């Protein structure tokens, strides 16, 4: 050439996203939602720092692919949230995407129509809409943040947030966490590395900068204040790491690092060895721990839907199309089991 091309050589298309502010204008957080979010955050902070011995329970589908079923799930769960409010602090898992190495559906935000149309403007509007409806009905929500831009669209509706095993060591994700309004859980690494999560809590506690967009949708540098409400999530690795031996080892490491030694345990994913029928075993092991001692457990995580298992196409209502989940009946047993176990712990 004269001028050889060097910009966007491997880019098919860049399209504007509607700014966060457009979504916020259509769907402003209500007074009720605001109160629920503010309260639930403070309450979760109390658990993280050992000021309250109630058990945080992040529970719900692996991924949200159908708002209607999410809203029905929320209705059922709400009754249990209330029933168990003295023993457990129940928050719905509302993740819009499962990260994956191979190609496949990129979730409800990226691809709301489930057909590779990538209608993100729609997806983001749908995602905000659901999160607002959840908070309005009295069901707080949690989610995993996969990038540094989506939080501007709906983090104001999030009571608890996660950074996944594949990004816990990522500098920029730690930076993000240090500025999220909600408490944040850092999952241990894919193969069980706990150190990255312990390091992440220390890092995310401090002030940081990272790049994102303003609510008006423009390139921005963000200066964080630190997030003092971070904690570990044990989700297994090569072997599961839910039992008392592992919880006690993690707590030693946490204390040795001088960060909170209250942690959360995932009943699904690697701790269930990718088998949804084993989540109850994990919970039952956690129940047992809480009865004997369990001083370092502040939370658990469970993959649960209306209907159990999984499907590869979205044919059955309330049935996951990502990781398999325990159905509603087992959800009822699992929660009873945890509430009764924790009732005793709080009394001791």
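Residue numbers count along the first chain shown, from 1.
Between the stretches 192 to 200 and 214 to 222, it is 192 to 200 that shows the larger average CA temperature factor. Taking only CA atoms, the mean B-factor in the PDB entry is higher for 303 to 311 than for the other of 26 to 34 and 303 to 311. The residue among 123, 104, 140, 183 whose C-alpha carries the highest B-factor in the deposited model is 104.
The residue among 109, 165, 114, 265 whose C-alpha atom has the highest B-factor in the PDB entry is 114.
Ranked by C-alpha B-factor against the other modelled residues of its chain, residue 244 falls in the highest third. In the deposited entry, the Cα temperature factor of residue 118 sits in the middle third of values across the chain's modelled residues. For residue 78, the recorded CA temperature factor ranks within the highest third of the chain's modelled residues. Per-chain ranking of the deposited C-alpha B factor places residue 252 in the middle third.
Among all modelled residues in this chain, the alpha-carbon of residue 87 has a temperature factor (C-alpha) in the highest third.
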